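*Asks:* Handing you a structure now.
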Amino acid sequence: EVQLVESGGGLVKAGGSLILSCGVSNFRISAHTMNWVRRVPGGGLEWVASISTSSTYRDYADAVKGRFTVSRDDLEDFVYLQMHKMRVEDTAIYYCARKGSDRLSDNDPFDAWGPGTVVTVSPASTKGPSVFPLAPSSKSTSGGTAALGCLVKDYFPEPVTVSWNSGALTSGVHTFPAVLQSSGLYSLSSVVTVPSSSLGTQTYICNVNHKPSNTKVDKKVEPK
Amino acid sequence: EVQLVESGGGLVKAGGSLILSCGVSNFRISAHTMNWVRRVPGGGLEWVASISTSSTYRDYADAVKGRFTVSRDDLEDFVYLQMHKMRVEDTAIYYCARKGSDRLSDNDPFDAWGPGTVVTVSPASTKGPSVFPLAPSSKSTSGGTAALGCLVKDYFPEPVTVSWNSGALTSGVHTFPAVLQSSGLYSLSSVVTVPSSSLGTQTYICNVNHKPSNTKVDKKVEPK
Amino acid sequence: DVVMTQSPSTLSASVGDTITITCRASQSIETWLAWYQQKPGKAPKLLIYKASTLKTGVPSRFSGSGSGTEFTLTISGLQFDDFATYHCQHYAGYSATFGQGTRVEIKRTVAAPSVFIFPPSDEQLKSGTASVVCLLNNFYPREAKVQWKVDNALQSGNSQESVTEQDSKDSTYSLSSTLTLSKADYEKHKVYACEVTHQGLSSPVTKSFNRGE
Amino acid sequence: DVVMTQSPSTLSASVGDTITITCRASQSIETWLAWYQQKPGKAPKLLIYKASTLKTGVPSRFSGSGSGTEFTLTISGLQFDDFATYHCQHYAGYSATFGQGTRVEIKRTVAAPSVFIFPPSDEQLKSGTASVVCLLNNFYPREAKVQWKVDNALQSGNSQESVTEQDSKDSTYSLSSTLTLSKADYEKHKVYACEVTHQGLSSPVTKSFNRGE
């Protein structure tokens, strides 16, 4: 019994990229034109792309022309679909289907299909950060040496810039490399050490700029 | 001038799959043996896979044999890396690299590299559901026909099964297809309609089983 | 560039019936037309190709006819296994186009939904999230609309839903919609309502609750 | 299956120095050896191939020697742009093996970190997630260990670290560790602490606070 199995589905942010593969069992793809098809939420099927034998011809649905690429590997029997600049309406179940029949001809129907892999494109291509204060500890040393900062959490994508007091405060500042959380959103911290004697006289505000979402936040960091 | 760019990086759960591709600019890959390399968090590089010209030979690092496949597409100048059964130690920056020199010899170094794409494998390959009561309405119809249920939230992967009162209650039960939340976790609800004059008389407990994470949860649904 | 128009979108029938699904092409495609069967969550299955040729193993109750621009799929003696979606397809050497698809279901009388709303559980609220659920129970036919209103402001982009398959015993459908908000947003508002539109109602039904009560 | 061993793993030097990275192969590989430079976040750059051949464009201060099992990369007159990681590589027709890498940094005196702890803000806490931040300020060398303890129980799997690059003025490093817990989890415990180990500290430094003050 002929079988096809897709790999690579998942969640993608709008604008993102995702690549699918297709593997087979109990036949060789070399003699077959291979195809990608998707079922959209409304229930209808949409032809996405086709690649002929020998890769002589590659054809694409108008909706994906220029954004998707199909490739084949006759030696190990794989088919690939590259999806770039993904759009919400690309959300669908993607199937890899073989063009074929009992005796091959120049134009056969899709006689074998994979079970399908789910591809979901979220509408948000960007997300603005939440900003939380890193308050200086009340138990600082009398005379100087206090640390404070800002926590920049749950944004996407990189990068964000951080300045302190609109650039007036630069000495002692450290803005750490962002880290990617299991949620798929980035987070980082920016801290600065200042004289303990200055809390209460100098106001400290971190300026966070997330250009990809054109979002800006100013956060006043005060004791306690 | 010579450039490569990788696509497909993302966050994947242990045991999952992810497919990467590599494109080039200002040269053709046809004459080049193409390679995949990764930089692990410790900072060192690991050779991952190689595919020779004409696809004659494909070689893999022992750590990935059986799980990874490399393919090449000379006509459109793409290289692919399929990653299956992924493990935490596959977490790394993946680079696509060509063997090349000013004059090609039988053994040239990696003379051109892509910028890299970040692949992160989170350690948990499953996650058990949180179960919450769907408590029926205090102002239900007097005489019969009340509705209650369970919300099975934030699990992965599919499926869960739901029974009511260890199976004695089957009439009026509806367990809905799960939805995939923007978080990449699933959620579903199961409801049953029962006589409004059984609230406080008959006890109702939904039994959730999540075989993939060996999690079982019984939850009593009471009025309020 | 060939648009395939399939008709009807939904075909309600009974076991044993002979039914006809029509497929029309915006221009002549000779007999380059195929029919597929697909069940929910399953892969398409090829039934008929070259407009009228049955695949080996496909029962004889399936037949196809037509050429040029008008094609017909007939199922003579509907069985339970046949309730499913059917797809027509123009296939060319290196491309294809599909019709919108036709869902074949068991016919019964119209039935209005029973509607229920469930506030977030206190336990869930404690963890920072608020899921509100609206239940449309045992309605027919399948087309229904759910509208969430929060203090009479229409919601969008923050709810998901799923629908059950036609019930084995009464052939009805049910629908569950979940509105999800953060604990912060949930407590900014008081009245949560889900408004249901369905051919069985003389006008839309609303079920609501006030937070806290 | 040749094992490649670099030495040292971290090489501390000053501007203008002449330094030597060694690469040893577990069996003879003739001169099939290449050296690569890599800066954080950037692609590896080919410097030398065939053990001693300089790639066009690579400054003449880079030089490679060796054969069989022992190889050296020498940088004569180290410049600021040369502070980076260097990788040796055995390359064969259809496979390769890399050393573990050598990080070249600016030498300076040992410097203990300054350690600071930050409870979660109330605003974040309310939303259902608790991020606790431990700051290690201006230390050298780069190796430091950070352990979170919640009511004396060692934590695993729920924290992430980020380290800065060497500071342009004092050549130190800084590190941030964030422990993330749900509101519900966070409120089940009282004492939160971060224990820092470093070559410059006489013994570990523990910073702690009690939830709620």
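Residues in the structure tokens are named by chain (A, B, ... in the order shown) and by number from 1 within that chain; ligands are numbered from 1 in the order shown.
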Can you pull out every residue within 10 Å of range 33-49 of chain D, counting only C-alpha atoms, but drop anything in the same chain fewer than 3 positions away, and send it as a PyMOL selection string?
*Replies:* (chain B and resi 39+43+45+93+95+97+101+108-116) or (chain D and resi 23+25+29-30+52-59+62-68+71-73+81-92+96-99+101-103+165)
*Asks:* Define the interface residues of chain A facing chain D as those within 10 Å, counting only C-alpha atoms, and report them as a PyMOL selection string.
*Replies:* chain A and resi 130-137+140+145-149+151+153+172+174-181+187-193+224
*Asks:* Tell me, which residues of range 3-220 of chain B carry DSSP strand (DSSP E), written as a ChimeraX atom specification?
*Replies:* /B:3-7,10-13,18-25,34-39,45-51,58-60,68-73,78-83,92-99,110-113,117-122,130-134,146-155,161-164,173-175,179-180,186-194,205-210,215-220
*Asks:* May I ask you to extract the residues of chain B within 8 Å of chain A, using only C-alpha atoms, and to give them as a PyMOL selection string?
*Replies:* chain B and resi 7-8+11+17-21+55+71-73+75+82+122+182-184
*Asks:* Just the selected residues (N, CA, C and O atoms), exported as a PDB file, in the first residue's frame, please.
*Replies:*
```
ATOM      1  N   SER B   7      16.789  29.503   6.107  1.00  0.00           N
ATOM      2  CA  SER B   7      15.404  29.738   6.498  1.00  0.00           C
ATOM      3  C   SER B   7      14.918  28.544   7.302  1.00  0.00           C
ATOM      4  O   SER B   7      15.415  27.426   7.140  1.00  0.00           O
ATOM      5  N   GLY B   8      13.932  28.782   8.158  1.00  0.00           N
ATOM      6  CA  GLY B   8      13.201  27.703   8.783  1.00  0.00           C
ATOM      7  C   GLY B   8      13.409  27.571  10.275  1.00  0.00           C
ATOM      8  O   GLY B   8      12.660  26.818  10.914  1.00  0.00           O
ATOM      9  N   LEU B  11      11.235  27.406  17.239  1.00  0.00           N
ATOM     10  CA  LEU B  11      11.174  26.702  18.509  1.00  0.00           C
ATOM     11  C   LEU B  11      10.421  25.402  18.278  1.00  0.00           C
ATOM     12  O   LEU B  11       9.306  25.416  17.747  1.00  0.00           O
ATOM     13  N   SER B  17       9.663  17.863  14.781  1.00  0.00           N
ATOM     14  CA  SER B  17      10.370  17.959  13.513  1.00  0.00           C
ATOM     15  C   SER B  17      10.463  19.409  13.057  1.00  0.00           C
ATOM     16  O   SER B  17       9.601  20.235  13.372  1.00  0.00           O
ATOM     17  N   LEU B  18      11.510  19.705  12.291  1.00  0.00           N
ATOM     18  CA  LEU B  18      11.743  21.040  11.759  1.00  0.00           C
ATOM     19  C   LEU B  18      12.606  20.872  10.517  1.00  0.00           C
ATOM     20  O   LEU B  18      13.596  20.136  10.544  1.00  0.00           O
ATOM     21  N   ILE B  19      12.255  21.589   9.450  1.00  0.00           N
ATOM     22  CA  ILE B  19      12.979  21.514   8.186  1.00  0.00           C
ATOM     23  C   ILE B  19      13.589  22.875   7.892  1.00  0.00           C
ATOM     24  O   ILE B  19      12.895  23.897   7.966  1.00  0.00           O
ATOM     25  N   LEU B  20      14.878  22.888   7.547  1.00  0.00           N
ATOM     26  CA  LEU B  20      15.589  24.105   7.189  1.00  0.00           C
ATOM     27  C   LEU B  20      15.937  24.085   5.711  1.00  0.00           C
ATOM     28  O   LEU B  20      16.100  23.020   5.111  1.00  0.00           O
ATOM     29  N   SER B  21      16.080  25.273   5.136  1.00  0.00           N
ATOM     30  CA  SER B  21      16.533  25.425   3.762  1.00  0.00           C
ATOM     31  C   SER B  21      17.645  26.458   3.740  1.00  0.00           C
ATOM     32  O   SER B  21      17.861  27.201   4.702  1.00  0.00           O
ATOM     33  N   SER B  55      24.641  14.849  -5.769  1.00  0.00           N
ATOM     34  CA  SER B  55      23.979  14.101  -4.696  1.00  0.00           C
ATOM     35  C   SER B  55      24.482  12.668  -4.561  1.00  0.00           C
ATOM     36  O   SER B  55      23.783  11.811  -4.015  1.00  0.00           O
ATOM     37  N   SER B  71      19.360  17.352   1.542  1.00  0.00           N
ATOM     38  CA  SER B  71      19.017  17.247   0.130  1.00  0.00           C
ATOM     39  C   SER B  71      19.526  18.495  -0.575  1.00  0.00           C
ATOM     40  O   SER B  71      19.724  19.535   0.052  1.00  0.00           O
ATOM     41  N   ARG B  72      19.716  18.400  -1.892  1.00  0.00           N
ATOM     42  CA  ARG B  72      20.131  19.549  -2.687  1.00  0.00           C
ATOM     43  C   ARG B  72      19.281  19.687  -3.944  1.00  0.00           C
ATOM     44  O   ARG B  72      18.785  18.700  -4.491  1.00  0.00           O
ATOM     45  N   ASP B  73      19.096  20.938  -4.378  1.00  0.00           N
ATOM     46  CA  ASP B  73      18.326  21.301  -5.573  1.00  0.00           C
ATOM     47  C   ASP B  73      19.189  22.203  -6.465  1.00  0.00           C
ATOM     48  O   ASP B  73      19.157  23.433  -6.350  1.00  0.00           O
ATOM     49  N   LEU B  75      18.986  22.962  -9.614  1.00  0.00           N
ATOM     50  CA  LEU B  75      18.309  23.816 -10.593  1.00  0.00           C
ATOM     51  C   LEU B  75      17.840  25.140  -9.999  1.00  0.00           C
ATOM     52  O   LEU B  75      17.788  26.145 -10.716  1.00  0.00           O
ATOM     53  N   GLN B  82      16.400  18.235   6.814  1.00  0.00           N
ATOM     54  CA  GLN B  82      15.288  17.729   7.613  1.00  0.00           C
ATOM     55  C   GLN B  82      15.800  17.284   8.974  1.00  0.00           C
ATOM     56  O   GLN B  82      16.806  16.572   9.064  1.00  0.00           O
ATOM     57  N   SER B 122      12.897  22.771  23.091  1.00  0.00           N
ATOM     58  CA  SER B 122      12.514  22.799  24.492  1.00  0.00           C
ATOM     59  C   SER B 122      12.466  21.381  25.061  1.00  0.00           C
ATOM     60  O   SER B 122      12.159  20.421  24.349  1.00  0.00           O
ATOM     61  N   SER B 182      -2.995  30.103  20.134  1.00  0.00           N
ATOM     62  CA  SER B 182      -1.813  30.837  19.687  1.00  0.00           C
ATOM     63  C   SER B 182      -0.550  30.487  20.470  1.00  0.00           C
ATOM     64  O   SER B 182       0.551  30.821  20.017  1.00  0.00           O
ATOM     65  N   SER B 183      -0.679  29.829  21.620  1.00  0.00           N
ATOM     66  CA  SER B 183       0.441  29.417  22.455  1.00  0.00           C
ATOM     67  C   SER B 183       1.072  28.116  21.983  1.00  0.00           C
ATOM     68  O   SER B 183       2.110  27.715  22.522  1.00  0.00           O
ATOM     69  N   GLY B 184       0.479  27.453  20.994  1.00  0.00           N
ATOM     70  CA  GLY B 184       0.947  26.155  20.563  1.00  0.00           C
ATOM     71  C   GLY B 184       0.478  25.004  21.418  1.00  0.00           C
ATOM     72  O   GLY B 184       0.944  23.875  21.218  1.00  0.00           O
TER      73      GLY B 184
END
```
*Asks:* Please produce, as JSON lines, a per-residue contact table for chain C versus chain D (criterion: any atom at most 8 Å away, only C-alpha atoms considered), showing the nearest atom pair and its distance in Å to one decimal, sorted by chain then residue number.
*Replies:*
```
{"residue": "C:126", "atom": "CA", "partner": "D:184", "partner_atom": "CA", "distance": 7.3}
{"residue": "C:127", "atom": "CA", "partner": "D:128", "partner_atom": "CA", "distance": 5.4}
{"residue": "C:128", "atom": "CA", "partner": "D:128", "partner_atom": "CA", "distance": 4.5}
{"residue": "C:129", "atom": "CA", "partner": "D:128", "partner_atom": "CA", "distance": 7.9}
{"residue": "C:182", "atom": "CA", "partner": "D:127", "partner_atom": "CA", "distance": 7.5}
{"residue": "C:183", "atom": "CA", "partner": "D:127", "partner_atom": "CA", "distance": 6.8}
{"residue": "C:184", "atom": "CA", "partner": "D:127", "partner_atom": "CA", "distance": 6.9}
```
*Asks:* Mind fitting chain C onto chain D over all Cα atoms in sequence order and sending the result as a compact mmCIF listing (two decimals) with C-alpha atoms, in the first residue's frame?
*Replies:*
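Everything below was put into out.txt:
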```
# COMPACT_ATOMS: atom_id res chain seq x y z
CA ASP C 1 36.26 9.21 13.95
CA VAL C 2 39.08 11.77 14.28
CA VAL C 3 38.75 13.72 17.54
CA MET C 4 40.23 17.23 17.37
CA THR C 5 41.39 18.56 20.72
CA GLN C 6 41.98 22.31 20.81
CA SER C 7 43.95 24.00 23.55
CA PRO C 8 43.47 26.16 25.54
CA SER C 9 39.73 26.74 26.01
CA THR C 10 40.26 30.39 26.93
CA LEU C 11 43.33 32.48 26.11
CA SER C 12 43.71 35.78 27.96
CA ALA C 13 46.13 38.24 26.39
CA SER C 14 46.78 41.92 25.70
CA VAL C 15 46.75 44.05 22.56
CA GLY C 16 50.05 43.71 20.71
CA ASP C 17 50.88 40.23 22.01
CA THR C 18 51.89 37.20 19.97
CA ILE C 19 49.74 34.22 21.02
CA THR C 20 49.64 30.55 20.06
CA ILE C 21 46.60 28.27 19.86
CA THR C 22 47.25 24.54 19.65
CA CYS C 23 45.11 21.90 17.91
CA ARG C 24 45.78 18.16 18.29
CA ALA C 25 44.35 15.28 16.28
CA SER C 26 43.77 11.77 17.63
CA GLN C 27 45.47 10.45 14.47
CA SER C 28 47.49 11.78 11.55
CA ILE C 29 45.55 14.09 9.23
CA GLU C 30 48.58 15.21 7.18
CA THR C 31 47.94 18.92 6.49
CA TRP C 32 44.12 18.74 6.09
CA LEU C 33 43.54 21.36 8.76
CA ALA C 34 41.77 24.73 8.63
CA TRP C 35 41.42 27.62 11.07
CA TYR C 36 38.31 29.78 11.42
CA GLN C 37 37.52 33.00 13.25
CA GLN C 38 34.02 33.61 14.63
CA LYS C 39 32.62 36.59 16.40
CA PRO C 40 29.52 36.37 18.66
CA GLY C 41 26.38 36.05 16.58
CA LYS C 42 28.33 36.22 13.32
CA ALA C 43 29.23 33.60 10.73
CA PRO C 44 32.59 31.79 10.86
CA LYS C 45 35.35 33.29 8.72
CA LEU C 46 37.98 31.10 7.08
CA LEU C 47 41.50 32.24 7.99
CA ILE C 48 43.95 29.44 7.15
CA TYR C 49 43.63 26.16 5.28
CA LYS C 50 45.95 23.30 4.32
CA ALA C 51 47.44 23.93 7.79
CA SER C 52 49.52 26.91 6.63
CA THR C 53 47.92 28.61 3.57
CA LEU C 54 46.35 32.03 4.22
CA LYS C 55 43.14 32.97 2.47
CA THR C 56 43.39 36.02 0.25
CA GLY C 57 42.56 39.13 2.27
CA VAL C 58 43.61 37.67 5.64
CA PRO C 59 46.28 39.85 7.30
CA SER C 60 49.78 38.38 7.54
CA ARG C 61 49.76 38.46 11.34
CA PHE C 62 47.86 35.15 11.13
CA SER C 63 49.97 32.06 10.44
CA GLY C 64 49.62 28.31 10.85
CA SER C 65 52.01 25.40 11.05
CA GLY C 66 52.15 21.73 11.90
CA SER C 67 51.45 18.36 10.29
CA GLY C 68 50.33 14.92 11.37
CA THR C 69 48.77 15.35 14.81
CA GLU C 70 50.03 18.70 16.20
CA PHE C 71 49.01 22.04 14.64
CA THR C 72 49.47 25.65 15.72
CA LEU C 73 47.64 28.88 14.96
CA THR C 74 49.73 31.98 15.71
CA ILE C 75 48.57 35.60 15.82
CA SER C 76 51.60 37.93 15.84
CA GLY C 77 50.61 41.34 17.20
CA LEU C 78 47.10 40.98 18.59
CA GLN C 79 44.73 43.79 17.57
CA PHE C 80 41.33 44.68 19.04
CA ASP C 81 39.54 43.19 16.02
CA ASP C 82 41.18 39.82 16.76
CA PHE C 83 39.50 39.11 20.11
CA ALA C 84 37.07 36.39 19.12
CA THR C 85 36.64 32.61 19.05
CA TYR C 86 38.99 30.51 16.88
CA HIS C 87 38.05 27.03 15.62
CA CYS C 88 40.29 24.35 14.22
CA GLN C 89 38.87 21.85 11.73
CA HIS C 90 39.93 18.63 10.06
CA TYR C 91 38.28 18.63 6.64
CA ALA C 92 38.01 15.53 4.46
CA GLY C 93 36.40 15.14 1.04
CA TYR C 94 32.91 14.50 2.38
CA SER C 95 33.02 15.13 6.15
CA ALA C 96 34.69 17.27 8.79
CA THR C 97 35.31 17.56 12.53
CA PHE C 98 35.93 20.65 14.65
CA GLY C 99 37.86 21.29 17.83
CA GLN C 100 36.02 22.56 20.88
CA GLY C 101 37.00 26.15 20.07
CA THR C 102 39.26 28.70 21.76
CA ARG C 103 37.96 32.02 23.08
CA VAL C 104 40.57 34.82 23.00
CA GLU C 105 39.86 37.67 25.42
CA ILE C 106 41.58 40.71 26.94
CA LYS C 107 43.56 39.83 30.07
CA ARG C 108 42.97 41.76 33.30
CA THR C 109 43.08 41.09 37.03
CA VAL C 110 40.52 38.85 38.72
CA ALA C 111 37.42 40.74 39.85
CA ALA C 112 34.62 39.35 42.00
CA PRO C 113 31.05 40.08 40.88
CA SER C 114 28.73 42.49 42.59
CA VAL C 115 25.49 40.57 43.16
CA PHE C 116 21.95 41.98 43.20
CA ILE C 117 18.52 40.33 43.39
CA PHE C 118 15.23 41.87 42.23
CA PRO C 119 11.79 40.62 43.36
CA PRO C 120 8.95 40.59 40.81
CA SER C 121 7.22 43.91 40.34
CA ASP C 122 3.70 44.12 41.71
CA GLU C 123 2.43 44.97 38.21
CA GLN C 124 3.84 41.76 36.70
CA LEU C 125 2.50 39.68 39.61
CA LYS C 126 -0.99 40.97 38.82
CA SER C 127 -0.85 39.45 35.32
CA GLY C 128 -0.09 35.93 36.59
CA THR C 129 3.69 35.66 36.16
CA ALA C 130 6.70 36.21 38.44
CA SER C 131 10.17 36.87 37.04
CA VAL C 132 12.99 37.08 39.60
CA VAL C 133 16.28 38.56 38.37
CA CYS C 134 19.81 38.02 39.70
CA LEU C 135 22.56 40.37 38.50
CA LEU C 136 26.28 39.55 38.53
CA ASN C 137 28.01 42.84 37.75
CA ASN C 138 31.52 43.46 36.36
CA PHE C 139 33.37 40.22 37.08
CA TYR C 140 36.40 38.50 35.54
CA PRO C 141 37.17 35.90 34.23
CA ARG C 142 33.96 34.86 32.45
CA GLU C 143 33.30 31.56 34.25
CA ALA C 144 30.62 32.04 36.89
CA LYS C 145 27.79 29.94 38.26
CA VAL C 146 24.36 31.07 39.42
CA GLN C 147 22.25 28.83 41.60
CA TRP C 148 18.66 29.65 42.46
CA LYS C 149 17.30 28.40 45.76
CA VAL C 150 13.63 28.63 46.70
CA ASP C 151 13.08 27.98 50.41
CA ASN C 152 16.56 26.36 50.23
CA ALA C 153 15.43 23.97 47.46
CA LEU C 154 17.67 24.08 44.38
CA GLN C 155 15.89 25.07 41.18
CA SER C 156 16.39 23.63 37.70
CA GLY C 157 14.87 24.00 34.25
CA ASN C 158 13.05 27.26 35.09
CA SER C 159 15.79 29.89 34.67
CA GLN C 160 17.63 31.47 31.76
CA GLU C 161 20.67 33.72 31.56
CA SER C 162 22.69 35.81 29.11
CA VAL C 163 26.16 37.35 29.37
CA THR C 164 27.49 40.63 28.02
CA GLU C 165 30.60 40.91 25.91
CA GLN C 166 33.82 42.05 27.52
CA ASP C 167 33.41 45.69 28.56
CA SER C 168 35.11 48.29 26.38
CA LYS C 169 36.52 50.20 29.37
CA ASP C 170 37.30 47.68 32.15
CA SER C 171 37.21 44.39 30.17
CA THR C 172 34.83 42.76 32.67
CA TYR C 173 31.74 40.65 32.08
CA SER C 174 28.25 40.82 33.51
CA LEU C 175 25.52 38.23 33.74
CA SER C 176 21.74 38.37 34.16
CA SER C 177 19.71 35.34 35.23
CA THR C 178 15.90 35.27 35.24
CA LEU C 179 13.95 32.76 37.31
CA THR C 180 10.36 32.53 36.06
CA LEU C 181 7.44 31.09 38.02
CA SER C 182 3.68 31.37 37.87
CA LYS C 183 1.98 33.61 40.41
CA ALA C 184 0.65 30.42 42.00
CA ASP C 185 4.06 28.80 42.57
CA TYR C 186 5.67 32.10 43.60
CA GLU C 187 3.22 32.58 46.50
CA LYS C 188 3.71 29.01 47.75
CA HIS C 189 7.21 29.94 48.96
CA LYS C 190 8.80 32.73 51.02
CA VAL C 191 12.61 32.87 50.63
CA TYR C 192 14.13 33.35 47.18
CA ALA C 193 17.91 33.23 46.90
CA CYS C 194 20.53 33.32 44.17
CA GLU C 195 23.92 31.86 45.06
CA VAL C 196 26.95 32.93 42.99
CA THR C 197 30.21 31.01 42.54
CA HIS C 198 33.20 32.75 40.95
CA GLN C 199 36.99 32.52 41.19
CA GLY C 200 37.04 36.01 42.75
CA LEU C 201 35.12 35.03 45.89
CA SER C 202 36.59 33.28 48.91
CA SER C 203 33.34 31.30 48.98
CA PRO C 204 29.87 31.55 47.36
CA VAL C 205 27.84 34.72 47.92
CA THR C 206 24.08 34.55 48.43
CA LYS C 207 21.57 37.36 47.93
CA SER C 208 17.99 36.77 49.05
CA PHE C 209 14.68 38.40 49.89
CA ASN C 210 11.52 37.29 51.67
CA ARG C 211 8.33 37.62 49.63
CA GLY C 212 6.12 40.43 50.88
CA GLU C 213 8.81 42.49 52.67
```
